[PDB]
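Index from 1, following the sequence. We count ligands from 1, going down the list as the structure has it; atoms in each ligand are counted the same way.
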Amino acid sequence: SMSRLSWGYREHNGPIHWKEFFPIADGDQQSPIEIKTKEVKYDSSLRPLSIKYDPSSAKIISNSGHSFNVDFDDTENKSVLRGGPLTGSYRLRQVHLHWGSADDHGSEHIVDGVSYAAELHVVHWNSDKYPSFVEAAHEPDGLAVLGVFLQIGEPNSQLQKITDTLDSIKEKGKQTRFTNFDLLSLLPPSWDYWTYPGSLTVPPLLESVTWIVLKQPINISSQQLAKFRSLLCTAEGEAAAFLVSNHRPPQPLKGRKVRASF
Ligand SMILES: CN(Cc1ccc(Cl)cc1)S(=O)(=O)c1ccc(S(N)(=O)=O)cc1
Ligand SMILES: [Zn+2]
């Protein structure tokens, strides 16, 4: 029961099957990717990242069945990403997390054969050119996603505000008010990054993303990370399954180059 609404990460509907309903899964700019550092193009024309996140932008946290979503008010330019490889201003919309079944893997991007325990995605859209997230999502330059690796280490109290909420939203489709979220404090100290043209890592897998993957990981404890696997991918009433893993394997580069800021 894989379909154009019923995709997932289980055996019958996981990544291997997404192509059945989203043929672009086999496209030439699919994400995520293994970054081979020896092959990175160190580009002196890449600018520093400019990041401004207003803690009051966050409105709600939700269980989609595929991850947790922190959703932000994107009607104003309070929370925006500029610089790096980007032209103009990209407005903050959504935060996701990806993880695997155990702490030794779970990230979407892989760096020199190494997988991190999880990966945070910060999703933004080009509001200087496009009227809306929906319109931007189907343009090559419409979206910018900031990726941050999570490694097992000392408990991160920055993750605590999110993990404290996870019982509220256990069932697929539950949401809770979630505000005064200091996203910028969750980022690592250094904003050195890789960048490449790609796609959404989930259906519908649109090739509209400028990926900006931060070199420096942040921490998560094993017991924090296990909270996310207690989320259900099934709705209230239906037969319970856990969201034990929600990452897409790396995809073919097909001529693309990864550029480094550093
Ligand atoms: C981008 N969304 C999917 C989507 C995009 C466009 C439209 Cl018109 C409808 C749905 S999303 O909120 O489900 C989303 C965004 C970004 C990513 S990711 N994990 O690649 O950065 C996943 C999912
Ligand atoms: Zn994501």
Asker: Should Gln94 be counted as touching ligand 1, given the test is an N or O pair under 3.5 Å?
Answerer: yes
Asker: Ligand 1 versus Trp211, non-hydrogen atoms closer than 4.0 Å: side chain, backbone, both, neither?
Answerer: side chain
Asker: Can you tell me how far the CG atom of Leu46 sits from the CG atom of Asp192, to the nearest 0.5 Å?
Answerer: 11.0 Å
Asker: What do you reckon, does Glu108 put a non-hydrogen atom under 4.0 Å from ligand 1?
Answerer: no
Asker: Could any protein non-hydrogen atom be found less than 4.0 Å from atom 9 (C) of ligand 1?
Answerer: no
Asker: Give a yes or no on whether the backbone of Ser67 and the side-chain of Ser64 come within a donor-acceptor separation of less than 3.5 Å.
Answerer: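 Looks like yes, one N/O pair under 3.5 Å.
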Asker: Side chain or backbone of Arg93 under 4.0 Å from ligand 1, or both, or neither, by non-hydrogen atoms?
Answerer: neither
Asker: Under 4.0 Å from ligand 1, counting heavy atoms only, is it the side chain of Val123, its backbone, both or neither?
Answerer: side chain
Asker: Does even one non-hydrogen atom of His138 get within less than 4.0 Å of ligand 1?
Answerer: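 Checking ligand 1 against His138, which is what was asked, there is a heavy-atom contact under 4.0 Å.
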Asker: Among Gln251, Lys254, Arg248, which residue satisfies the side-chain hydrogen bond (donor to acceptor under 3.5 Å, both in side chains) criterion with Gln30?
Answerer: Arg248
Asker: In the protein, what heavy atom is nearest to atom 14 (C) of ligand 1, and what distance, to one decimal place, separates them?
Answerer: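 Going atom by atom, the protein heavy atom closest to atom 14 (C) of ligand 1 ends up being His96 CE1, 3.9 Å.
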Asker: Listing residue and atom name, which protein N/O/S atoms are closer to the Zn ion (ligand 2) than 2.8 Å?
Answerer: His98 NE2, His121 ND1
Asker: May I ask you to decide whether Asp74 forms a salt bridge with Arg93, counting only side-chain N to carboxylate O separations under 4.0 Å?
Answerer: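 Salt bridge between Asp74 and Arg93, a charged N being under 4.0 Å from a carboxylate O: yes.
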Asker: Without swapping roles, check the side chain of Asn219 against the backbone of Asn156 for a donor-acceptor pair under 3.5 Å.
Answerer: no
Asker: Report yes or no: does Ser79 contribute a side-chain atom to a donor-acceptor pair with the main-chain N or O of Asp54 at less than 3.5 Å?
Answerer: yes
Asker: For ligand 1, which atoms sit closer than 4.0 Å to a heavy atom of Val202?
Answerer: 22 (C), 23 (C)
Asker: Write out the residue and atom name of the closest protein heavy atom to atom 6 (C) of ligand 1, then the distance separating them to 0.1 Å.
Answerer: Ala137 CB, 3.4 Å
Asker: Once you measure the plane-to-plane angle for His98 and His121, does it fall in the parallel (<30°), tilted (30-60°) or perpendicular (>60°) bin?
Answerer: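 Taking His121 first and then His98, their aromatic rings sit tilted (interplane angle of 30° to 60°).
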Asker: Hey, what do you get for CG (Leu143) to CZ (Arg91), rounding to the nearest 0.5 Å?
Answerer: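 Here the rounded value is 13.5 Å.
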Asker: I need the nearest protein heavy-atom contact for atom 4 (C) of ligand 1: residue, atom name and distance, please.
Answerer: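 The closest heavy atom on the protein side is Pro204 CD, 3.9 Å.
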Asker: Set out, in order, the CA-CA distance, both residues' side-chain angles and the distance that settles side-chain hydrogen bond (donor to acceptor under 3.5 Å, both in side chains) for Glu119 and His109, then state yes or no.
Answerer: CA-CA 8 Å; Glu119 185 180 326; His109 297 86; 2.8 Å; yes
Asker: Just to be sure I read this right, does ligand 1 sit under 4.0 Å from the backbone of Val145, its side chain, both, or neither, counting only heavy atoms?
Answerer: side chain
Asker: Under 6.0 Å between ring centres: does that hold for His105 and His247?
Answerer: yes
Asker: Please enumerate all residues that pass salt bridge (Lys or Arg N to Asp or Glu O under 4.0 Å) together with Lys59, with sequence neighbours excluded.
Answerer: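 Result, salt bridge (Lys or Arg N to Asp or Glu O under 4.0 Å) vs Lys59: none returned.
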Asker: Under 4.0 Å from any heavy atom of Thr201, which atoms of ligand 1 are there?
Answerer: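 Result: 18 (S), 19 (N), 20 (O).
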Asker: Identify, for atom 15 (C) of ligand 1, the protein heavy atom at the shortest distance, and state residue, atom and that distance.
Answerer: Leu200 CD2, 3.7 Å
Asker: In this structure, which one of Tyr9, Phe228, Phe68 forms a side-chain contact (heavy atoms from CB on, under 4.5 Å) with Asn246?
Answerer: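 Filter result, single survivor: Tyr9.
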Asker: Please check if the side chain of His17 supplies one atom and the backbone of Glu11 the other of a donor-acceptor pair under 3.5 Å.
Answerer: yes
